[PDB]
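>>> 3D model of this:
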Amino acid sequence: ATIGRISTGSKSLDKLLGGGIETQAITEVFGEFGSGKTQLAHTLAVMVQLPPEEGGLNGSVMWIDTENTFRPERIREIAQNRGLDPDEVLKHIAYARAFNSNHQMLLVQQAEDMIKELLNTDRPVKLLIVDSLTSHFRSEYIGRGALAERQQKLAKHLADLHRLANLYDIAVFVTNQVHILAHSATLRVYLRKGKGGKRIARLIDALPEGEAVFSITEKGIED
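Numbers count the residues shown, from 1 in each chain. Pasting the structure now:
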């Protein structure tokens, strides 16, 4: 099946990404606290709902939140300022809070049920966000022997997510607060804060050599 692309809202970042984040892939953004990862996630949750000629996939969203950082009013603001109805956009985001890493695993299994339900409707799920991917694993698996065990549990979780992306033609987008550990995302994007409120993105271990630059605005993110 053809790969779909979801615009991030920033032309600069879209170019770095070859047009946007891909379906049939896991895109992981990583960076320090406050680097813009969750604002990117909020923006993508709106952009995917746009028609394809505007950078979306006419798609629904599923969001798994591990840190209570999803903000419905921020979705509404981004939607309103990009021409979409805020209540419609919010209605098409299925939101769940993961209590711990085991509940996070169960929520990925439940996501498959809703993905199947919507698959052949006019707004199938096209984006699954996990924010943050690693936070529960980091708190629960700690100390001597935890590196191997945490990495194994993480890799299985990522395998489950890859299967949903590939079987159902969904973009999986995950955030990670950042060690020389192995990773298993399709594409890793390093985000950082820059001068004058800008954010800088670089592809890691990849594709375009260069850096994209964007801002956080009432439209979510943009150049």
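>>> give me the contacts around the longest helix anywhere in the chain.
Taking DSSP state H as the assignment, the helix of the chain that covers the most residues is helix 146-168. With C-beta atoms under 8 Å, 6 or more residues apart in numbering as the test, helix 146-168 has contacts from 23-26, 101, 104-105, 108-109, 111-112, 115-116, 119, 124-125, 128, 130, 133-134, 137-138, 141, 170-172, 174, 181-182, 184-186. In this view, the C-beta of every residue, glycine as well, is placed from N, C-alpha and C.
>>> so where do the helices sit in this structure?
11-16, 37-47, 72-81, 86-91, 101-118, 135-140, 146-168.
>>> in the last one, what counts as buried?
Pointing back at helix 146-168 there. Neighbour counts over helix 146-168 (16 or more other C-beta atoms under 10 Å) mark 150-151, 153-154, 157-158, 160-162, 164-166, 168 as buried.
>>> a markdown table please, covering the residues you listed and showing distance to residue 8.
Converted to a markdown table, these look like this (distance: C-beta to C-beta, whole Å):
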| residue | distance to residue 8 |
| --- | --- |
| 150 | 29 |
| 151 | 29 |
| 153 | 29 |
| 154 | 25 |
| 157 | 24 |
| 158 | 21 |
| 160 | 25 |
| 161 | 19 |
| 162 | 21 |
| 164 | 21 |
| 165 | 17 |
| 166 | 22 |
| 168 | 21 |
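>>> and which of those is nearest to residue 41?
Within the buried residues of helix 146-168, proximity to residue 41 (C-beta to C-beta) peaks at residue 161, which comes in at 14.7 Å.
>>> what's the separation between the closest one and residue 218?
Distance, residue 161 to residue 218, using C-beta to C-beta, to the nearest Å: 31 Å.
>>> equivalent analysis for residue 166, please.
Computed as C-beta to C-beta, the residue 166 to residue 218 distance reads 35 Å.
>>> and residue 152, how close does it get to residue 205?
Per C-beta to C-beta, residue 152 is found 21 Å from residue 205.
>>> what do you get for residue 135?
Taken as C-beta to C-beta, the span from residue 135 to residue 205 is 23 Å.
>>> more neighbours: which of those two?
Using other C-beta atoms under 10 Å as the criterion, residue 135 and residue 205 rank with residue 135 on top: 17 against 8.
>>> mind checking how far the more buried one is from residue 157?
12 Å.
>>> check residue 42 too.
23 Å.
>>> which ones are touching the residue most central in space within the chain?
Centroid check for the chain by C-alpha atoms, centre = their mean gives residue 173 as the closest residue, at 2.4 Å. Counting by C-beta under 8 Å, 6+ apart, residue 173 touches 21, 26-27, 29, 40-41, 44, 127-130.
>>> what's the answer for residue 130, then?
Contact analysis of residue 130 by C-beta under 8 Å, 6+ apart lists 64, 66, 104, 161, 172-175.
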